[PDB]
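Undergrad: make a model of this:
(one chain, ligands or ions: 1)
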Amino acid sequence: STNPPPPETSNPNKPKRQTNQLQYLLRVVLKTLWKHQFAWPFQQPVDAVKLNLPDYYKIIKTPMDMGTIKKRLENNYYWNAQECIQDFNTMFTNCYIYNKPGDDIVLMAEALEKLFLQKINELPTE
Ligand SMILES: C/C=C/Cn1cc(-c2cccc(C(=O)N(C)C)c2)c2cc[nH]c2c1=O
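TA: Numbering: from 1, shown residues only. Sure, the structure comes next:
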């Protein structure tokens, strides 16, 4: 049993960019979520092998985690803020799809998502 290769955090063939919105996503949004008490299970890809979740990557085909997002932001991997927002939304959605409603990990994701939405509500223009 193995985990898939993690999502790429850079790619020489994908145009790269920095915008004030992407700077906000790294400096304000990611930072705020990263330090939350519930953040640690989301700071790296799910190790389905060590967690003994053999069906995890049979079900979740678009994995995403905040460690990947952090590195993408640091590497200027994204062209725009929408791409990064989509990664956050993919992470939350994956958690709601794989896990039973009311599971602790779901409650943790829900708290992180509420904070995410509060922070992105003030995403600056441009
Ligand atoms: C990238 C984030 C994915 C979210 N996620 C994380 C873990 C997980 C990851 C690492 C550690 C732990 C853990 O040991 N906990 C929460 C006690 C859980 C887990 C265990 C069952 N379902 C999930 C799950 O959906």
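Undergrad: residues in contact with residue 112?
TA: Contacts here follow CB atoms under 8 Å, 6 or more residues apart in numbering; on that basis residue 112 touches 33, 36, 38, 39, 42, 92. The C-beta positions use only the backbone N, C-alpha and C, and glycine is treated the same way.
Undergrad: residues from this structure in reach of the ligand?
TA: For the chain, the contact set with the ligand under CB under 6 Å from any ligand atom comprises 41, 42, 46, 51, 53, 65, 95, 98, 99, 105.
Undergrad: if we use 8 Å, what do you get?
TA: Contact residues, the chain versus the ligand (CB under 8 Å from any ligand atom): 40-47, 51, 53, 56, 63-66, 91, 94-95, 98-99, 103-106, 108-109.
Undergrad: picking that back up, most neighbours out of the contacts of residue 112, which is it?
TA: residue 42 (24 neighbours; other CB atoms under 10 Å).
Undergrad: may I have the phi/psi pair for the nearest residue to that one once chain neighbours are set aside?
TA: Spatially, and ignoring its direct neighbours in sequence, residue 42 is nearest to residue 66 (4.9 Å; CB to CB, 6 or more residues apart in numbering). Backbone torsions of residue 66, given as degrees, to the nearest 10, read phi -70, psi -20.
Undergrad: list the contacts for residue 66?
TA: Contacts for residue 66 (CB under 8 Å, 6+ apart) come out as 30, 33, 34, 39, 42, 43, 91.
Undergrad: end-to-end on stretch 20-38?
TA: Chord length of stretch 20-38, first to last residue, is 27 Å (CA to CA, to the nearest Å).
Undergrad: repeat that for stretch 5-18.
TA: Terminal-residue distance, stretch 5-18 (CA to CA): 26 Å.
Undergrad: report the distance from that stretch to the chain centre.
TA: In terms of CA atoms, centre = their mean, to the nearest Å, the gap separating the centre of stretch 5-18 from the centre of its chain is 15 Å.
Undergrad: likewise for stretch 4-18?
TA: The answer for stretch 4-18 is 14 Å, by CA atoms, centre = their mean.
Undergrad: having no further points to raise, I will conclude here.
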